[PDB]
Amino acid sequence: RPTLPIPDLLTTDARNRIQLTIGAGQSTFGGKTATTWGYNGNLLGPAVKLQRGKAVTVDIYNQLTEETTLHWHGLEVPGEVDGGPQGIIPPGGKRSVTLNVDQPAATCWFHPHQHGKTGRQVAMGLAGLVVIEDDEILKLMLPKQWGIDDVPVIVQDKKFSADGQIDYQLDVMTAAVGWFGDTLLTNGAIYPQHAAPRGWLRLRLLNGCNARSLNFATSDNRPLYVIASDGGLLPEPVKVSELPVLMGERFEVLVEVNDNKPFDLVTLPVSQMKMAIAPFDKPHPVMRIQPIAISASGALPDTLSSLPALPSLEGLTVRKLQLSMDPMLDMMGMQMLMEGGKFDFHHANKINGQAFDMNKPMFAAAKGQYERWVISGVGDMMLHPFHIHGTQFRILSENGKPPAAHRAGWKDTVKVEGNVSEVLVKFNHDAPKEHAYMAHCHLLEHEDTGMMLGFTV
């Protein structure tokens, strides 16, 4: 097997600046070449390292032939750092953002957020990581050696035509169910191997698929110790035998590498509608872990962090959000699960009856105050991972039930699938009308066909 590629861990240079170049290039999958996009390279991107309480300047150079944006998924930052329309970077253009990090240590990520083409630009290969560190986590003695016992694992699927090129098409069908592919990639490679020393191995898991849910496990069913979610550490490690991960979500897990016994990270079959699984739906391997005689120094503490109690729900504003899809998309989405009109579909999917409008923010949210957002997909049976910018929130109810323990800490994504979710959000930064925050489904094709709203703080 090829070895697991390891994204560069970028820090500031001498002038407190980090340089990101958006460019097209060539990658090779299974023998055949493919035109890919990357940040500082042909595919994916580096891991930008940030320190809490400190500022960096990021210089972005769009060397593509079309417009793009750079959204910092999971960063609590003013709306300006994404920008709105000012956040567009034309081909050959450049754009500078200063990032002030004041949130707990976490794994976030960044990717394009272009109006209507987010799904395509991610499909082409643009995604990078953000590694946030603070005082608290560095005292914990977790495995921390980048690319050795602390490794990023970006899992994506891609659909390749027979010429080996990426086959993306935002047609009427992919707008209903999302863009799916038959090739599973880990950090760009097909089923790579990572050599890991004995002791604890730390995996930063990102589901970077356009539309596919993942369910991570090990081949020999050894447990995964969840230590962090989207927003950072849990109060204590949460042991699981399998780990569902929605599109755009991150979890950090420790896995025990206790012998010379090599094992696989796998993703398990996922129920499509609430539906059964025949044995010829099989687990697919993601990455092979190969132990080595070196013993690593990382540890797993009994206590990881301190999460504040949920504030009382009395006195908090309630904002309702109703996700809906065009019934034709939903219906034709089920016909495919087993297998008319003029109908523009670029604004088919809606929130509160409105397809997204770049100039029309749906409301303003309070700054520095917890609000109670209730997001419902009741009229619909498809999975919608709902993402909100500018915050790390607490899930009160996920799809009708209180969250699982490993999903009860800091999150920026919540499952909405035929039911109602309730989150507890606080926004610490301004986002005026020209630089408005977004809230949207992170099945990218749904977001490109209207399922998004802007809001100001």
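Residue indices: 1-based, along the sequence shown.
Colleague: Our gap detector needs a label for residue 314 to residue 315. Which class matches the unmodelled residues of the deposited sequence there: none, 1 to 3, 4 to 9, or 10 or more?
Modeller: Per the record, no deposited residues are absent between residue 314 and residue 315.
Colleague: Mean CA B-factor: is it higher for 353 to 361 or for 221 to 229?
Modeller: Here the higher of the two C-alpha B-factor means belongs to 353 to 361.
Colleague: If you take the mean CA temperature factor per stretch, which one wins between 394 to 402 and 28 to 36?
Modeller: Stretch with the higher mean C-alpha B-factor: 28 to 36.
Colleague: According to the deposited entry, which of 130, 307, 189, 153 has the largest Cα B-factor?
Modeller: Out of 130, 307, 189, 153, the record gives the largest C-alpha B-factor to 307.
Colleague: Would you mind checking which of 205, 184, 209, 332 has the top Cα temperature factor in the PDB entry?
Modeller: Largest recorded C-alpha B-factor: 332.
Colleague: Please say which third, lowest, middle or highest, residue 42 falls into when its CA temperature factor is compared across its chain.
Modeller: Middle third - that is where residue 42 ends up once the chain's C-alpha B-factors are sorted.
Colleague: Taking the C-alpha B-factors as the PDB entry records them, is residue 300 in the lowest, middle or highest third of its chain?
Modeller: Middle third, going by the recorded CA B-factors of the chain.
Colleague: Sorting by Cα B-factor within the chain, modelled residues only, which third would residue 322 end up in: lowest, middle or highest?
Modeller: According to the entry, residue 322 has a C-alpha B-factor in the chain's middle third.
Colleague: Hey, what third does residue 344 fall into on Cα B-factor, ranked over its chain?
Modeller: Highest third of the chain for residue 344's C-alpha B-factor.
Colleague: Comparing against every modelled residue in the chain, figure out the third that the C-alpha B-factor of residue 444 lands in (lowest, middle or highest).
Modeller: Answer is middle: the recorded C-alpha B-factor places it there.
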